[PDB]
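Trainee: Protein chains in written order, with the UniProt record's numbering: chain A, 79 to 317; chain B, 79 to 317; chain C, 79 to 317; chain D, 369 to 562; chain E, 568 to 864; chain F, 568 to 864; chain G, 29 to 68; chain H, 29 to 68.
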Ligand SMILES: Cc1cc(CCCCCCCOc2ccc(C3=NCCO3)cc2)on1
Ligand SMILES: Cc1cc(CCCCCCCOc2ccc(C3=NCCO3)cc2)on1
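1) Spell out a yes or no on whether the segment 822–835 of chain F and the segment 662–670 of chain F are touching, meaning 3 or more CB-CB pairs, one atom from each, closer than 8 angstroms.
2) Along the segment 255–273 of chain B, where does the CB come closer than 7 angstroms to a CB of chain D? Name the residues.
3) When the Cα of residue 786(E) is compared with those of 753(E), 792(E), 778(E) and 600(E), which residue comes out closest?
4) On the premise that residue 655(E) lies in contact with residue 616(E), defined as a C-beta separation below 8 angstroms, what is that separation, rounded to the nearest angstrom?
5) Could you tell me which chain B residues have their CB closer than 7 angstroms to the CB of residue 588(E), listed as they occur along the chain?
6) Could you tell me whether the Cβ of residue 570(E) comes closer than 8 angstroms to any Cβ of chain G?
7) Which residues in chain F have a C-beta closer than 7 angstroms to the C-beta of residue 502(D)? List them in chain order.
8) Suppose you measure from the CA of residue 612(E) to the CA of residue 114(A); what does that come to, to the nearest Å?
9) Starting from the beta carbon of residue 215(A), find every residue of chain F whose beta carbon is closer than 7 angstroms, and list them in chain order.
10) Any beta carbon of chain E sitting closer than 8 angstroms to that of residue 548(D)?
11) Let me check you understand the geometry: is the CB of residue 663(E) closer than 7 angstroms to at least one non-hydrogen atom of ligand 1?
12) Rounded C-beta distance between residue 251(C) and residue 148(C)? I'm assuming under 8 angstroms.
13) How would you label residue 719(E), buried or exposed, when you count the other beta carbons within 10 angstroms and need 16 or more for buried?
14) So residue 207(C) contacts chain D; which residues on that side make the cut at Cβ distance below 7 angstroms?
15) Taking a cut of 7 angstroms between CB atoms, which residues from the segment 843–858 of chain E lie near chain A?
16) Smallest Cα separation from residue 262(C): which of 734(E), 763(E) and 623(E)?
17) Kindly say whether residue 55(A), judged by its beta-carbon, lies nearer than 8 angstroms to any beta-carbon of chain E.
18) With respect to the beta strand (DSSP E) encompassing residue 810(E), which residues constitute its N-terminal and C-terminal limits?
19) Assuming residue 605(E) is part of the alpha helix (DSSP H), what are its boundary residues?
20) Quick check: does the Cβ of residue 750(E) come within less than 7 angstroms of any heavy atom belonging to ligand 1?
21) In this structure, how does DSSP classify residue 86(A) when only helix, strand and coil are distinguished?
22) Which residue marks the beginning of the alpha helix (DSSP H) containing residue 464(D), and which one marks its end?
23) Going by beta carbon distance, what residues of the same chain come within less than 6 angstroms of residue 712(E), once the five residues before and after it are set aside?
24) Can you tell me whether residue 709(E) is buried or exposed? The criterion is at least 16 other CB atoms within 10 Å of its CB, across all chains shown.
25) Identify every run of the beta strand (DSSP E) within the segment 215–250 of chain C, keeping only runs that are complete inside it and at least 3 residues long; order them along the chain.
26) Determine, using beta carbons only, whether residue 284(C) comes closer than 8 angstroms to chain E.
27) Is it the case that the Cβ atoms of residue 140(A) and residue 299(A) are separated by a distance below 8 angstroms?
28) Examine ligand 2 and report whether any of its heavy atoms sits within less than 7 angstroms of the Cβ of residue 169(B).
29) When you compare the CB positions of residue 177(C) and residue 303(C), do they come within less than 8 angstroms of one another, or not?
30) Please specify which runs of the beta strand (DSSP E), each continuous and at least 3 residues long, are wholly inside the segment 669–718 of chain E, giving them in chain order.
31) Please list, in chain order, the residues of the segment 234–245 of chain C that have any C-beta partner in chain E closer than 9 angstroms.
32) Helix or strand or just coil, what does DSSP make of residue 52(H)?
33) Can you name the start and end residues of the beta strand (DSSP E) that residue 162(C) belongs to?
34) In the DSSP output, which residue or residues are listed as bridge partners for residue 186(A)?
35) Could you check if residue 238(C) belongs to the surroundings of ligand 3, using beta carbon to heavy atom distance under 7 angstroms?
36) I'd like to confirm something about residue 706(E): is its beta-carbon nearer than 7 angstroms to some heavy atom of ligand 1, or not?
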């Protein structure tokens, strides 16, 4: 055991060197749906290597005034590869997610990112009684931007956001974060185009900064999400 | 055992009543690739229910002057459903095919169709030295039309076409045909967009006819192909 | 076991060739009244061969616009033979009924009859608050005609009429129907001139039809009812 | 078993609504008829034993079965394909999209009826008989019938045949939260008069 | 007959291509429901169901308290120049067809045998006269007496058939909990009949109405205000709720589709347009190929 | 998982100066809460605790009767020239978000599974008219009937959907003890969801509101005054209290900080100034080095 | 069933009985139709 | 729990269960962090 880590799933393999540890959400590892908990009666398809692999999303630049970003799962991966194709051809789905956040900075840089996986994260907009629209909520892999990271865009507090599974990327000692998430639903399966179980939110708690030669350093943040134990039921045409 | 038959694969189930029997090509049943014969070292994906199911192709009308039709596999299914999607996202593939031909006619109608599965069927065009173009050979599910069913479009003879696995649809006693085809290649896997292992050809040996009240009867011929034991290797982007 | 059937009761014997099976109402076979369930204390008369035999009722023509027919038991047989005579000379009665419906048509004809045995079938007339008269309800062997077979003349639905014991005469595969009915009453016996336990209804679900040479084919429908395990109590003069 | 009103159009009066037109086609791959699976709302499946009884309850679960009986002439031959499509998108109009969902190919012969199982494909354990049939908790799916090859009949036989559709539940069917059905109503105490 | 605590389970299946085996094909002409199991009709997995079936029993389907009577009458001085009759009471002519929901659930089965629990809920109001003042409802005493067939029917509030020396009667107040008691299975036959295809009398006249059961002469329920008339007029509404218990059901019926018009017979007039029209039980759709609730994207 | 009847005890410690052992130093970047025990962080003694932890259980945290509904309506003559509708009743559209305290304690957890005990407390008043005299409140009868999803909604006091042949209903008086009953766990899923990050319908229109759960269609509660209208006008206020039992909770949430604005979503407007302001949840202090509650001697 | 009263019919709802025989309504045929075989 | 009624969900508050597993929220790490040692 050390600060080094290798995550090898399917054809994908991520090696990280300045890591901390692996955070398993609620101390659990994603698993396939057992018979006693199954509801659908037809066999689910279980494509292991084609879907249970790392998909790298498009990066965001960390700015000094960055508020934070959020990606809703499985919406971020609903448009990508075999996972997206199986989501489109199937009604019901079930999978856990292994999320890995990359952020590289020099030893002269300072900054802290909180990477929190919020389950069942209902976004509440502020100063309006109208609920959030489909365009604002379902954003795909392109992600979302926090209006009020202080309130988590929920009316809650960012201070109390540590009940949810979480990682810190502190530039002194970390450059990568890893969180493992099992199935999060009151039902064994659901509909992907209309519901999201997890929301991965990266919030800069401490702004990125440098001294006299490291200001305005273009530092990207990368998200890599790997589905695990993906099952699909209800084969039909694409929608 | 009787003339009735039910083929139930995945969500698909075909029941036939005036059948003859099931023809297994060369007395073999398609199976998954064993370790001693495997070449690729990464795990292949094996989506059972999503791909191993019946795909129904677009029907052709049986005319009095019909020469015949042919479908090349897996080209006919390369554009359809999870089989097509897995073909597009993967380099290597391997699957057998269960082909079922439907042709319904009254007891007053006469006519005979030979349904022959020709392996490695190289089409040879006539009266020209130029090889067949990509457009003429790769026709997809829309199928092809025989110029010379007498010669099988190969320079061979339709008379000697009974070495290949085959069925007869004779309107006196049959309306459906079933042929099971295992893997046909000198290699464990291949590239689907550039090579076809099987060619299913329906040739009317005896023209469709009726007496004084059954002439010009619109009688369609339907093709249903079910992949079996489909494996895919070499995951990548779609092409 | 096959599609052939022979029903031999007393001097009567009906042979049918394009039959389906024998439908026993609620999975029971009519039997004589046991001592623990008997109410009347004098011995009942049990004339086996003279009453437990097939009585053939007068036939109806199946028309293209036929709505359906119904016969109420034991009213249909209350005027016929030893069964009718024993009904007239006795107060109490108890018997099951074996009903056989004949309908012969060529293989070029199409049409479907639903033969349903409705227990305790109260006829409800439509567009009036007055209850049905004695003449309209008690019709004897000459039978009745459905005003609204869609509603079963009850305010119910013909669609839901399959709870009752039933047969289909489909001209493709059937020409005869057989239903066996046990005793249907909250009491061991009853009065025949004032109450009917069963109503046999033949409703054409699909109209009789033929093509270009078989239109207007005079096709009769025949009803043969056989009492079984008939007991009579309370001997007196005829009424 | 219980027949259902597939022909529930403003042209059929009575028994015509329990039976379905089937035609000898001059084209191929054409859709024959559709069946919504909204038991709660006004559809073919309401006036059925399954429908009427389950409409007393609020939650239902389990797979259903549909039996279609062919009522043509003995010399009439034909091939159909019956497809159940899980919800999520629009109703399939072409066989190209309908074949991808659950389906059974029915060939006419000695056995005059076919059975298709609509399996229990649902994320939740139960489904609601909700007035919003378009919601996730209420929508069940779609049923479509496509001609597979054609309907062929001789000159002596009637060219136009009929299908009778029936629906029932299987052994794994369950109901909960029984309620007053909206089937029958009342405006005043029923008198002994008209 | 097998015990079914929970619904059937599902077993996993494989590819099935065998000659002479056609589970999907059925012969419904035999009158038998199709036996095609989901396991070998399609490609299934192993599912274990803990779903209970207790609420689907007839015990729970019918054993549920339902309104069967509601009578409202005036409680006042009905005396006139020469009346001598108070008439602060009602008779019901015991039956269970006046309320359509309970009637339909009765008529879902041909035969029913049960002991019924009866609950009586009274309610009071003041009649709105020209000069009426309300500051409270009196706690009146009410006597509900069951008068069997052939027994005397009380003719007034002050009548002497209210002795109830043999007739069972229950005394209860407005402010007390609603009255409750139990009638055993009291049919002369082995079960109650919701339908009677026949006549209740030996006669051949038009007076004998078709469909009347010579076992449904349930008797009468005579309910009276024990207290004498008040100086000011009141109105009493009594609701009688009926709850079957120990239920056995026989020969299930076809469900009623059309609105009831009376309690003497099952005649129907039909509604003007679909749904539940004479020619149209289910409402129209565009065509057989249109979907009325299409999800369009 | 270990049984905790009482909180942990404290053991005595000595001087600790060892190389390579740093209990006080932690790496919170791993996402793990600091495990530094008080025993070897400071110099401690032996303390034995008998303090129970039963009241800190979720069983006691949530199993406590809380108000979830309060409807007030007029009980009078609502008839007009042509109305024919009494409208002495209310519908609730069953939910548990109208009261902020119970709503917040619901939303402290992502998933909740419980059977709920429901208590109904009615109260009466007279409307103050120009000429009204009060010397007592009538003992009215009230019927509260649960109408599940897709069932008929009564449209008036005299409507005939109040038969309750299948719909469970409870009859109770004003002067009787408040009505009480139990709803089992009735979700189609395995637990109630306080949050739903998605849409309840397959549609892509603006009509489908975000955050609506296609499992929260709880139904409706129809409450009526059984007694007909009185000569003078009254007002009835019904309070419905909800008490969870047999509770399991999953995935604890971040506590709600901002006032709720509606029941359809969790939107917020924020308060004008701190505390719980949009930019200021906690109220300001002078500086980070000032103590707002300094004890000065 | 507790039945505080003398008469047995005065008891509460009867003890649950889960016996099910759907065949009498679903397969009311004298000759049993074997599953997976041509039923004619 | 006394549960005077037939249904089990009609019972009173459930019997007390004092099982506590704070680790799932306090140490949700795949590699256990030993106390008193550098946790990196
Ligand atoms: C079908 C069918 C079913 C039945 C059963 C009808 C019995 C239930 C009807 C409601 C009972 O009404 C009563 C109300 C009160 C009393 C009572 N007896 C002593 C004091 O009041 C008795 C019956 O009849 N036909
Ligand atoms: C989250 C979440 C939690 C829930 C549970 C909601 C159920 C409790 C709501 C209050 C119940 O209200 C009722 C009041 C009365 C009756 C009653 N039934 C029979 C007569 O009145 C039923 C429910 O839903 N979503």
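Quick reminder that beta carbons are idealized off the backbone N, C-alpha and C, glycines included.
Mentor: The answer reads as follows:
1) yes
2) Cβ contacts with chain D come from no residue of the segment 255–273 of chain B.
3) 753(E)
4) In this structure residue 616(E) is not in contact with residue 655(E), their Cβ atoms being roughly 58 angstroms apart against a cut-off of 8 angstroms.
5) 84
6) Cβ-Cβ to chain G under 8 angstroms: yes for residue 570(E).
7) 768, 769 and 770
8) 11 angstroms
9) Neighbours of residue 215(A) on chain F, chain order: 777.
10) With 8 angstroms as the cut-off, residue 548(D) counts as an interface residue toward chain E.
11) yes
12) Wrong, their Cβ atoms sit about 25 angstroms apart, outside the cutoff.
13) Burial is judged here by how many other beta carbons sit within 10 angstroms of a residue's own beta carbon; residue 719(E) has fewer than 16 and is exposed.
14) 561 and 562
15) none
16) Considering only 734(E), 763(E) and 623(E), the residue with the shortest C-alpha distance to residue 262(C) is 763(E).
17) Residue 55(A) cannot be examined here, being either before or after the span of chain A that is shown, 79 to 317.
18) Annotation: the continuous beta strand (DSSP E) that includes residue 810(E) extends over 801–819.
19) 605–608
20) yes
21) strand
22) Boundaries of the alpha helix (DSSP H) around residue 464(D): 463–466.
23) 731, 734, 736 and 789
24) buried
25) 244–248
26) no
27) yes
28) no
29) yes
30) 676–693 and 708–714
31) 234, 235, 236, 237, 238, 239, 240, 241, 242, 243, 244 and 245
32) helix
33) Per DSSP, residue 162(C) belongs to no beta strand (DSSP E); it is in the alpha helix (DSSP H), 159–167.
34) Residue 186(A) is not bridged to any residue.
35) By its list of ligands, the structure shown excludes ligand 3, since it contains just ligand 1 and ligand 2.
36) no
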